[PDB]
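Inspection log for the structure reproduced underneath, given as structure tokens.
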Amino acid sequence: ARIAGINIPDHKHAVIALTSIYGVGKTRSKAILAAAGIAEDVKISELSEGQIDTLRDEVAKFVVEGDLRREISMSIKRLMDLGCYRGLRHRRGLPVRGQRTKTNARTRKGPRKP
Amino acid sequence: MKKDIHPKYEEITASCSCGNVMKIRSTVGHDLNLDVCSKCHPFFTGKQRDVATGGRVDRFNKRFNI
Amino acid sequence: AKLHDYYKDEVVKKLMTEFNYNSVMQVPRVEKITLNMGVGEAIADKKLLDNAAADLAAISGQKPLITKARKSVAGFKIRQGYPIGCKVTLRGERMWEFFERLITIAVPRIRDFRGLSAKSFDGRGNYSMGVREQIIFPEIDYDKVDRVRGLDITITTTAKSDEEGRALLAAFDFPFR
Amino acid sequence: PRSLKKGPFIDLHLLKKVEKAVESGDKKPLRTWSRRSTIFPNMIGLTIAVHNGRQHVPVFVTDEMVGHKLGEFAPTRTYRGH
Amino acid sequence: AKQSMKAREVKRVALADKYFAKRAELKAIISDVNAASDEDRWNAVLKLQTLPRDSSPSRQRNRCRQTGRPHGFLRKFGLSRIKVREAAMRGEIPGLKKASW
RNA sequence: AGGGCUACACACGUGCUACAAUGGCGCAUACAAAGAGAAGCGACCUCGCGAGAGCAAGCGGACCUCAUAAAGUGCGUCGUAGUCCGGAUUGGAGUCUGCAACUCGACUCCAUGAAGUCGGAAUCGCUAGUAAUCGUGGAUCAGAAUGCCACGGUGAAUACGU
Ligand SMILES: [Mg+2]
Ligand SMILES: [Mg+2]
Ligand SMILES: [Mg+2]
Ligand SMILES: [Mg+2]
Ligand SMILES: [Mg+2]
Ligand SMILES: [Mg+2]
Ligand SMILES: [Mg+2]
Ligand SMILES: [Mg+2]
Ligand SMILES: [Mg+2]
Ligand SMILES: [Mg+2]
Ligand SMILES: [Mg+2]
Ligand SMILES: [Mg+2]
Ligand SMILES: [Zn+2]
């Protein structure tokens, strides 16, 4: 219950808890429990320690919190150092992929200023 | 120097991708494996010669179709 | 250490042959490398100094001298005695270590490094280069970064003039565009 | 993005120009209008000035922008603020 | 439609249906997987793009067959909704009538 | 030739999607109608997690294809969480159309998982196969709908009265 440096919750089924890793959603959680042979109908409670350990090194076979944060933030930083269009969008705090800004840009624009 | 005010400064190996591996007593915390170096860098050995293994290769050359 | 031995034999040899010197003592040594971060935003975020200090501590393994405003400067809204910076002096084995680390790891890792200057000497052979990104240094984790504060660096040499300064640094394989 | 079974794209006139630039070029930037052309690793170190709509903004080609097109670095819509 | 736009669409259909069978084989070669993709596809892409742009069937707007109108077109009758209603109420369109179900 | 109509401190309309348990999710199995097709629909089989790709018969169409309907029903899990709700953002890797998907296409896979706890004054639609919900086709269309125009599946409550 201490994979990757986080505090993955008990009382949640195997997948429902393993989603919590920053880099492990439902699909990668099913794949981890697949390589680990661990059933997804059980919690992370009734798993023996060796199960948690094999889960650990398969999660490390996948990408994890610190390195995911680092890689995506360094991707964004490479963009904004490159000074391309998407870099400018990330800088200015506007939609990046071409969404609508005249209206409906809030999750990317913040709440309304004036 | 003084004690219990300075960080940890053990001996760490840093290995680049071209086979340049350097032993340096440094303050990182664990082993390091970097990509560029003072040798495998254009401006450091060949500024109009060097090769890379990234966005100029992985992103383009791997997918290149000429 | 390693770079110090490389100096003591190879660079001293080549410098003697290059300058036609009568004494080994007459070749440039290096006093120190003083790593400076003139934060200047501490007046805004007092915390931002202990975080910046944490970075010089990270890059070079010495707790940094948190320096204070020498005198009152109202234009910058700073008084006399307020901690608006933090520095470290690296001299000796530790300086040699850091110098190696810099030249071999961080000077290549600068963003599209088109090269370093060759005029950045005071006028007696003491170099002073400023880096624009703290991330270039490997020590940074980026797991504990607030912002992208750069820093500057002064290579203090016992050299006589700018010619001896350039000679000494180029001898150490400095990029020197 | 453009499919791999067709590879990348670059206009033929631009390709000829950039190959001339990286074969015997020491003279002048390349004033092109092909914002749609994926950058080559050949042009790395060139100063193509791509049409932003009204002028041509110079862009020194860097090897971190390879699978990118000439229109990511030319801005078409200037906006000071409200 | 300004006349020029009409003539534009005329020349566009003309050059499309002329340069056909060339654009099409180049498209087949590019979509193809074989020939080691070395010169086949990387030369077919170039030849295709350098074929005059007018030759593409993706520059036909399908204007109204009478009034050159870009919008409101119906391929079946070849006319805008306006001229379609006009001729359909006059009776020049066979089998056509105001439906009501 | 490129760009803009797609620009964004903002305000309004019309919609889509939710805020969840009458639900989400996996597995199993039902029941349509109306359409459209030839420089088109495209069986099958095989490859790919998927988008889709190769191969390719049939069909100018009560014959072939698009095309597997969904909600439903059974089986389990969740246990009221900002959650196994939400799917906005953003990154990475692609597929397809098209000369070309950067501004400025649509989808696909992985991860990232925001607002949002049923919404003020005010305001809207509907008297029955209607409202409400579920899904399918068309036209425009090289590609590009949550819009529009059609089609069916379940299927209400209430109307004292002026
Ligand atoms: Mg996760
Ligand atoms: Mg069209
Ligand atoms: Mg006309
Ligand atoms: Mg608009
Ligand atoms: Mg509003
Ligand atoms: Mg939904
Ligand atoms: Mg029919
Ligand atoms: Mg939330
Ligand atoms: Mg959440
Ligand atoms: Mg009525
Ligand atoms: Mg209905
Ligand atoms: Mg009733
Ligand atoms: Zn190297």
Charge sum, other residues only, whose C-beta stays under 12 Å from C:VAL148's C-beta, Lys/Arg counted +1 and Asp/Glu -1
+1
Any chance you could run the full-extension gain for A:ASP41 through A:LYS61? It's 0.36 nm times the residue separation minus the Cα-Cα distance, nm to one decimal.
4.9 nm
Too long for a 23 Å Cα-Cα cut-off, among A:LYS26/A:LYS109; A:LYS109/C:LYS77; C:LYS32/C:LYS119; C:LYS47/C:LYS68; B:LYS2/B:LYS23, are A:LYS26/A:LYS109; A:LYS109/C:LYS77; B:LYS2/B:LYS23
Where the centroid of each part is defined by its Cα atoms, how far is the range D:38-82 from the range A:83-103 in Å?
16
Amide H proximity to C:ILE43 below 5 Å, modelled H, separation 5+ or other chain, gives none
Inter-label distance, nm, simple model (7 Å from Cα along the C-beta direction), B:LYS2/C:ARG177
4.0
Output ³J(HN,Hα) for the range C:22-39: one whole-Hz value per residue in order, computed from phi by the Karplus curve 6.51 cos²θ - 1.76 cosθ + 1.60 with θ = phi - 60°, and x for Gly and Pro.
8, 9, 5, 4, 7, 9, x, 8, 10, 5, 7, 10, 9, 8, 10, 9, x, 3
Within the under-10-Å Cβ sphere about D:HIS51, not counting D:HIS51, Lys/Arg +1 and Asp/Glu -1 give a net charge of +3
Measuring from label point to label point, each 7 Å out along Cα→Cβ, what is the C:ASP122 to A:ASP53 span in nm?
6.0
FRET efficiency (A:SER73, A:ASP10; Cβ distance; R0 30 Å; to 0.05) is 0.50
5 Å is the cut-off here: which amide hydrogens, built 1.01 Å from N in the peptide plane, fall below it relative to A:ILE44, excluding neighbours closer than 5 in sequence?
A:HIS11, A:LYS12
Work out from phi, with θ = phi - 60° and the Karplus expression 6.51 cos²θ - 1.76 cosθ + 1.60, the ³J(HN,Hα) of each residue of the range C:54-62, listed in order in whole Hz, and give x for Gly and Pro.
3, 8, 4, 3, 5, 4, 10, x, 9
Which order do the peptides B:26-36, C:48-58, C:114-124, C:154-164 come out in when sorted by mean C-beta neighbours inside 10 angstrom, highest first?
C:48-58, C:154-164, B:26-36, C:114-124
Using a Förster radius of 41 Å, what is the FRET efficiency between C:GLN80 and C:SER161 based on their Cβ-Cβ separation? Nearest 0.05, please.
0.70
Any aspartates and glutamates with Cα under 14 Å of the A:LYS12 Cα? List them, leaving off those in the same chain fewer than 8 positions away.
A:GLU40, A:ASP41, A:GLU46
Taking a virtual spin label 7 Å from the Cα of C:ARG114 along the C-beta vector, which residues in the range D:5-46 bring their backbone nitrogen under 12 Å of it?
D:45-46
So what is the calculated 222 nm ellipticity per residue for chain A, using -39500 (n - 2.57) for each DSSP H run with n of 4 or more, over all residues, to the nearest 500 deg cm²/dmol?
-15000 deg cm²/dmol
Measure nothing fancy, just the Cα-based angle from helix C:162-171's long axis to the longest principal axis of chain C, in degrees from 0 to 90, nearest 10.
80
Environment charge of C:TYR82, counting only residues whose C-beta is closer than 14 Å and scoring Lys/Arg +1, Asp/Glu -1:
+4
Would you please give the residues with an amide H less than 5 Å from that of D:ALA49, counting only those at least 5 places away or on a separate chain, with H modeled from the backbone geometry?
D:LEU30, D:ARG31, D:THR32, D:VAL59
Mind ranking A:99-108, C:95-104, D:20-29, B:55-64 by how tightly packed they are, going by the mean number of other C-beta atoms within 10 angstrom, highest first?
C:95-104, B:55-64, D:20-29, A:99-108
Taking θ as phi - 60°, what are the ³J(HN,Hα) couplings along the range C:153-160 by the Karplus curve (6.51, -1.76, 1.60), each to the nearest whole Hz, with x for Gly and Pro?
8, 10, 8, 7, 10, 6, 4, 7
Non-local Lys pairs in the range E:33-101, i.e. 8 or more apart or on different chains, that have alpha carbons under 22 Å apart:
4
Expressed as a whole number, the average count of other chain Cβ atoms within 10 Å around the Cβ atoms of B:32-41 is 4
Past 23 Å, Cα to Cα: identify those pairs from A:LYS77/C:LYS144; C:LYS8/C:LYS160; D:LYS69/E:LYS18; D:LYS6/D:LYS69, in the order given.
D:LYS69/E:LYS18
Nearest 0.05, what FRET efficiency do A:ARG97 and E:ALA35 give at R0 = 45 Å with Cβ-Cβ as r?
0.80
Contour minus Cα-Cα distance for E:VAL10 and E:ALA28 (0.36 nm per residue)
3.8 nm
Summing -39500 (n - 2.57) over the DSSP H runs of n ≥ 4 in chain C and dividing by its residue number, what mean residue ellipticity at 222 nm do you reach, to the nearest 500 deg cm²/dmol?
-7000 deg cm²/dmol
Counting only helical runs of four or more DSSP H residues, what would the 222 nm mean residue ellipticity of chain E come to if each run contributes -39,500 (n - 2.57) and the total is spread over all its residues?
-14000 deg cm²/dmol
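Here the Cβ is made from the backbone with ideal geometry for all residues, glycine too, and neighbour counts use every protein chain on show. Each value in this text was obtained by applying a stated rule to the coordinates, not by laboratory testing.
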